[PDB]
Protein chains: 2
Amino acid sequence: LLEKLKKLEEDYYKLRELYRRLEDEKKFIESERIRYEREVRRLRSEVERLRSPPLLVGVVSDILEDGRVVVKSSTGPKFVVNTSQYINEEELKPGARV
Amino acid sequence: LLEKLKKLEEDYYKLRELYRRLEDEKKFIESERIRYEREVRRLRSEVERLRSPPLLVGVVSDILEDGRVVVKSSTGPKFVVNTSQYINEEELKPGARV
């Protein structure tokens, strides 16, 4: 009765004060998440401007081992351009169109 | 008394529960926050590499005594271009890819 309720009321009081603090801290963390989630879409869109037209046919010419790829363009030049993790030199071999 | 204790015990349990349900929901968000951060930085780095304008391939077909370098381009026309300060013209001779 007097003893029984009192112990349960005490427990609930101390825990609430802990949980209120933790709730407040995570409320700020949520702002940052929306900031970062939006920045991700923005950046992915920069990748897609390349992936969208105009597109031009090239055929891998050869591969440098400093992580660059030489491609002979159908336009004319052999030119050297740097690679990505989106598409790797392990998915390119000379004579394959890209 | 006993009645008083009941009202107080109820309020502290209900608020305890409120803060903890919110706490977990935002723990999900916290995970997301770290996950999209990594995706910004890695997206950003790679977008720089592709976007890059290339460096064209040419071959020193001949080389001049006037400090100038006779470079047959892979565009098609011939050009006579200036050797940098950084590369020497002892490192440049017929058949030197540039």
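Definitions and cut-offs
- Residues numbered from 1 in each chain as written, not as in the entry; some residues may be left out.
- Chains lettered and ligands numbered in written order.
- Part of a larger assembly, values for the part shown.
- Heavy atoms only, no water.
- Pairing = 2+ DSSP bridges.
- Helix = DSSP H or I, 4+ residues; strand = E, 2+ residues; numbered from the N terminus.
- Contact = heavy atoms within 4.5 Å.
- Buried area = accessible area lost by both parts, 1.4 Å probe.
- Salt bridge = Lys/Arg side-chain N within 4 Å of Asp/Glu carboxyl O.
- Polar contact = N/O pair within 3.5 Å; in protein donor to acceptor, adjacent residues only side chain to side chain.
- Nonpolar A, V, L, I, M, F, W, Y, C, P; charged D, E, K, R; others polar.
- Buried < 20%, exposed > 50% of the residue type's maximum accessible area, 1.4 Å probe, protein only.

Judging from the entry metadata, cryo-EM is the method by which this structure was determined, and 6.86 Å is the reported resolution.

Under the annotation held in the PDB entry, chain A carries the name Proteasome-activating nucleotidase and is attributed to Archaeoglobus fulgidus.

Residue and element names in this part refer to chain B. A sheet is described by the order of its strands in space; here 4 strands give the open sequence β4-β3-β2-β5, paired in antiparallel fashion. The sheet is open, and its two edges are formed by β4 (78-82) and β5 (96-97), each paired on a single side. Strand direction decides the pairing type here: strand β2 (residues 58-63) and β5, joined by 2 bridges, are antiparallel. Looking across to β5, one finds that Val59 is bridged to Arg97.

Before going further, it helps to examine unusual backbone geometry. The amide bond that connects A:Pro53 to the next residue, A:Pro54, takes the cis arrangement and shows omega of 15°. As for its placement among the helices and strands, A:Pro54 is situated in the loop between α1 (2-51) and β1 (58-63).

Taken in spatial order, the 4 strands of this open sheet run β1(A)-β2(A)-β3(A)-β1(B), and their pairing is antiparallel. Whereas interior strands pair on both sides, the edge strands pair on one side only; in this sheet they are β1 of chain A together with β1 (55-56) of chain B. Direction of pairing for strand β2 (residues 68-73) of chain A relative to strand β3 (residues 78-82) of chain A: antiparallel, over a ladder of 5 bridges. Bridged to A:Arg68 within β3(A) is A:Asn82.

As a further point, take the interface of chain B and chain A. Each partner contributes residues to the interface: chain B has 37 residues there, and chain A has 45 residues. Across the chain B to chain A interface the summed buried area is about 4,300 Å²; carbon plus sulfur atoms make up 68%. Linking chain B with chain A are 4 salt bridges. The shortest N-O distance in the salt bridge between A:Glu32 and B:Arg33 comes to 3.8 Å. Viewed at the interface, chain A and chain B are joined by 12 residue pairs in polar contact. Elements that contribute at least two residues to the side of chain B that touches chain A include exactly α1 (2-51) and β1 of chain B. Here the element with the most residues in the side of chain B that touches chain A is α1(B); it accounts for 30 residues. Of the residues that constitute the side of chain B that touches chain A, the class distribution is 18 nonpolar, 3 polar and 16 charged.

The subject of this paragraph is the environment of B:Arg16. Mapped onto the elements, B:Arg16 comes out in helix α1. The exposure class of B:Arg16 is buried, given its relative accessible area of 13%. Sequence separation between B:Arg16 and B:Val69 is 53 residues, and the spatial gap between their C-alpha atoms is 80 Å. If we ignore the near neighbours within four places in the chain, the residues touching B:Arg16 are A:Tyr12, A:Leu15, A:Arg16 and A:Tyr19.

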